[PDB]
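Here's the structure, in structure tokens; my notes come after.
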Amino acid sequence: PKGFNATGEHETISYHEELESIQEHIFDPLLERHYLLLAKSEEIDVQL
Amino acid sequence: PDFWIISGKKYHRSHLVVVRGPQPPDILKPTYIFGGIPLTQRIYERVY
Amino acid sequence: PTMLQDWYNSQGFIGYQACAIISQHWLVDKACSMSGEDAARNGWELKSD
Amino acid sequence: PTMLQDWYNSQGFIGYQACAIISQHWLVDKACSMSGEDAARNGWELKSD
Amino acid sequence: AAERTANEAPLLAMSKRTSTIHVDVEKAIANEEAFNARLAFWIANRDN
Amino acid sequence: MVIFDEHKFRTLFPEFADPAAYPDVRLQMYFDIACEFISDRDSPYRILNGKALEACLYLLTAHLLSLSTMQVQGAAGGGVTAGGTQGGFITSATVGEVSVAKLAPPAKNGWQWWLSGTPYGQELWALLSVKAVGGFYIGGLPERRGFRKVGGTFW
Amino acid sequence: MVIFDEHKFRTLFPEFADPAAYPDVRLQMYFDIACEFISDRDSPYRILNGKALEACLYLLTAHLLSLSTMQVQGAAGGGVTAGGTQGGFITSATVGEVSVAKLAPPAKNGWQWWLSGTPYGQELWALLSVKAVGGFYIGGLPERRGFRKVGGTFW
């Protein structure tokens, strides 16, 4: 925006560190259970 | 406080883990009911 | 001083229901949650003996 | 100078109750607590002989 | 000197702007307690 | 709507005591006309209310009655004058060797100039001038209630 | 409300001392009319209070009474004139071989111009002018009580 500092570096770091939390919290349970169910259905003994 | 009462069940202090914010003086502890000073109390006017 | 004492006495505990009602605004939630979510995201490792 | 003497003499002890009440404010608490919190953070090691 | 000079500025900042009105004060003192009420209401509800 | 009382009106203005020359129908009609120059609706929040409003309405009715009754019997020929009799304040007069000069009132529009015609109009104008002091604040909200001042108060 | 004493009123103005010509009911009615012009509520925090307030009320009553007099028997023919006698300050007059000219009072609106009609009105205007000096300041809080000044005094 007009008149604001154009450093941008700290904002990119903050955005990436916020993005990490999304993968940690939202995507992990669903994909974990998906892989568990797929392994059980496709008789893949080795855990993933 | 050495005991906490929750829905009629008595619990000793040692079994519980209690974390508090800023520590009020002894005379002011009963007013805060032996708890730390909330942040909302210190932020609501300025936020508004 | 009298006005100073009144000004400092005005601040006090508001109430649990009041805090709960205040806790819906986005600014307060961000202020109270960013530090908590940032502190314990890297993780920890265990050492045994 | 009488006025200078009065101005310098006016400041004085206020009382433990007054100090306790004034301690509720956020900025005073922050100023009083930051130095103490920062001093004892990096810890120490026990060396014997 | 330094402390008094530092303390002076907020005091003037507290009374930076003064507002005055003219009116036929004879009619005002003729029957007040209503003129006063109207102006008090204006001051209470004053804003842009 | 304020109910007109002819008994109180005649008591207040004894010059209109004669019932033959001033039938109650004319008085009621002139009150009905005068309730339009000034609103007859009354509320406790109004600047003019109650007895002040009653006095204002009565004075306006008397003014209208005088102005109307001037025409019909003025020139000793039943108002045979082509253009009627005009009103207004008389700043000077002379009858033989008697002369009087008065002070012109500060009229600035049609309303005040018309009111200055007769003493009832002058009294009505004076009452309105007394009650007209001050002003109204119509729009606005109590914004100052959201901040802390002096002794930790929000008033 | 303020109690109206007819005995004290007649004592103040000996020219109204006749009870037959000026019945007490007329005086009470005129006092009730005049209490609408000026609020009669008495408090120690008003500029007008006590003897000053009673004097203003009585002067207004006398002014109204004289104004009514010039109509009821100023013409003395039962008020048979055209529009009624008109009031106001007489700046100049002449009767026969005697001429007198006076100074025009500084009237700026209907209230003062109407008041200047009779000596009682002039006295009331003068008293109001004396009591009217000064001003008002309504909205305000002691903001200055929170700082240390000069000799460590918050006053």
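Every chain in the structure tokens has a letter given in the order shown (A, B, ...), and although residue numbers restart at 1 in each chain, ligands are simply numbered from 1 in the order shown.
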
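When the distance limit is 8 Å and only C-alpha atoms are what count, the residues near region 102-111 of chain G, minus those fewer than 6 positions from it on the same chain, are residues 103, 105, 106, 122, 125, 126, 127, 129 and 130 of chain F; 89, 90, 91 and 92 of chain G.
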
Okay, now the selection with C-alpha atoms, as a short mmCIF file (atom, residue, chain, number, x, y, z; two decimals), in the first residue's frame?
data_model
loop_
_atom_site.label_atom_id
_atom_site.label_comp_id
_atom_site.auth_asym_id
_atom_site.auth_seq_id
_atom_site.Cartn_x
_atom_site.Cartn_y
_atom_site.Cartn_z
CA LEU F 103 -39.99 54.97 18.10
CA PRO F 105 -39.90 48.93 16.15
CA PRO F 106 -37.13 46.75 14.65
CA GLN F 122 -46.71 43.46 19.92
CA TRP F 125 -43.89 39.30 19.43
CA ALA F 126 -42.35 40.15 22.80
CA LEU F 127 -43.29 36.75 24.25
CA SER F 129 -38.67 36.97 21.46
CA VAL F 130 -38.22 36.00 25.11
CA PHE G 89 -41.51 55.11 23.70
CA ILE G 90 -42.49 58.65 22.71
CA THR G 91 -39.39 60.30 21.27
CA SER G 92 -41.05 63.70 20.75
#

Can you build me a table of chain F residues sitting at most 9 Å from chain B, with the closest atom pair per residue and its distance in Å to one decimal, using only C-alpha atoms, sorted by chain and residue number, as CSV?
residue,atom,partner,partner_atom,distance
F:146,CA,B:45,CA,8.0
F:147,CA,B:45,CA,7.7
F:148,CA,B:45,CA,8.8

Residues of chain D at most 12 Å from chain E: nearest atom pair and distance in Å, only C-alpha atoms, as CSV:
residue,atom,partner,partner_atom,distance
D:4,CA,E:1,CA,10.0
D:7,CA,E:4,CA,10.1
D:8,CA,E:3,CA,11.1

### Distance criterion (only C-alpha atoms): nearest to residue 48 (chain A) out of A:27, A:35, A:4, A:15
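Smallest distance to residue 48 (chain A) is found for A:35.
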
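CA of residue 29 (chain A) is found 20.9 Å from CA of residue 36 (chain C).
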
#### Entry: DSSP strand (DSSP E) selection over region 1-153 of chain F, as a PyMOL selection string
chain F and resi 92-95+98-102

Just-selected residues, N, CA and C atoms written as a compact mmCIF listing (two decimals), in the first residue's frame:
# COMPACT_ATOMS: atom_id res chain seq x y z
N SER F 92 -45.98 58.63 13.74
CA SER F 92 -46.23 60.04 14.01
C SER F 92 -47.70 60.34 13.76
N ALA F 93 -48.17 61.41 14.39
CA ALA F 93 -49.55 61.83 14.24
C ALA F 93 -49.66 63.30 14.60
N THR F 94 -50.75 63.92 14.17
CA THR F 94 -51.01 65.33 14.47
C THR F 94 -52.50 65.58 14.34
N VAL F 95 -53.09 66.21 15.35
CA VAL F 95 -54.50 66.59 15.35
C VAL F 95 -54.55 68.03 15.85
N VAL F 98 -51.75 69.23 18.49
CA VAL F 98 -51.24 68.13 19.30
C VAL F 98 -50.48 67.20 18.37
N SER F 99 -49.21 66.94 18.68
CA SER F 99 -48.35 66.11 17.85
C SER F 99 -47.58 65.13 18.72
N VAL F 100 -47.44 63.90 18.22
CA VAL F 100 -46.73 62.83 18.93
C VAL F 100 -45.88 62.08 17.92
N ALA F 101 -44.63 61.79 18.29
CA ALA F 101 -43.73 60.99 17.47
C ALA F 101 -43.17 59.86 18.32
N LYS F 102 -43.22 58.64 17.80
CA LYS F 102 -42.85 57.44 18.54
C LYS F 102 -41.63 56.78 17.90
